[PDB]
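Each remark here refers to the structure printed beneath this line.
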Amino acid sequence: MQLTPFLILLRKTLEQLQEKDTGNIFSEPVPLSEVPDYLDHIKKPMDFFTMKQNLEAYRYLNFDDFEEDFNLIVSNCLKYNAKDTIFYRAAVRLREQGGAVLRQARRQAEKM
Ligand SMILES: Cc1cc(O)cc2c1C(=O)CO2
């Protein structure tokens, strides 16, 4: 496929995923100065701003690599936070609502 339409699709998909994060709790990196023990548990932090930078740096050339980093946003949050927290539930909700966005977007990628 052609790179330009694929990146346009990823930009739109990333915007749709960010729309499901209504609190914007995943918009920027987990602030390591405010969460000092975060890297003790989390091997690869991820967030939507970093994803946008990766997208524009041409680091997502297939849908799976894009989806892998989205999945890191979710899985890091499920790992770090206790189940009874808003953060944990927000990641579950993002997993659910984002899964539908990703399935539709991947179908569009496959038609390229
Ligand atoms: C996602 C997230 C955002 C933030 O601003 C602070 C955080 C988390 C955690 O997962 C724990 O601390």
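Numbering-wise (PDB author numbering), the sequence shown opens with residue 628 and increments by one. Built from N, CA and C at the ideal position, the CB exists for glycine as well.
Ligand 3 heavy atoms versus the CB of residue i: any closer than 8 Å?
i, result
"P663", "Absence of ligand 3 from the depicted structure is noted, with ligand 1 being the only ligands included."
Rank the options by C-alpha distance to the C-alpha of residue i and give the top, closest one.
i, options, result
"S702", "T712, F690, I713 and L721", "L721"
"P658", "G650, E646, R686 and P672", "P672"
"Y665", "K706, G726 and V728", "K706"
"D674", "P656, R686 and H668", "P656"
Does DSSP put residue i in a helix, a strand or coil?
i, result
"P632", "helix"
"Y687", "coil"
"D648", "coil"
"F676", "helix"
"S702", "helix"
Report all residues from its chain with a CB closer than 6 Å to the CB of residue i; omit the five preceding and five following residues, and keep chain order.
i, result
"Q724", "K647"
"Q735", "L636"
Here's a check: name, in chain order, each residue in its chain whose Cβ is nearer than 7 Å to the Cβ of residue i, leaving out the five neighbours to either side.
i, result
"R733", "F690"
In chain order, what residues of the same chain have a beta carbon less than 8 Å from the beta carbon of residue i, not counting five sequence neighbours either side?
i, result
"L682", "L634, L637, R638, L641 and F693"
Original post:
Should the region 629–640 be called in touch with the region 705–722, which here means at least 3 C-beta pairs below 8 Å?
Top reply: They do not touch, by the three-pair rule.
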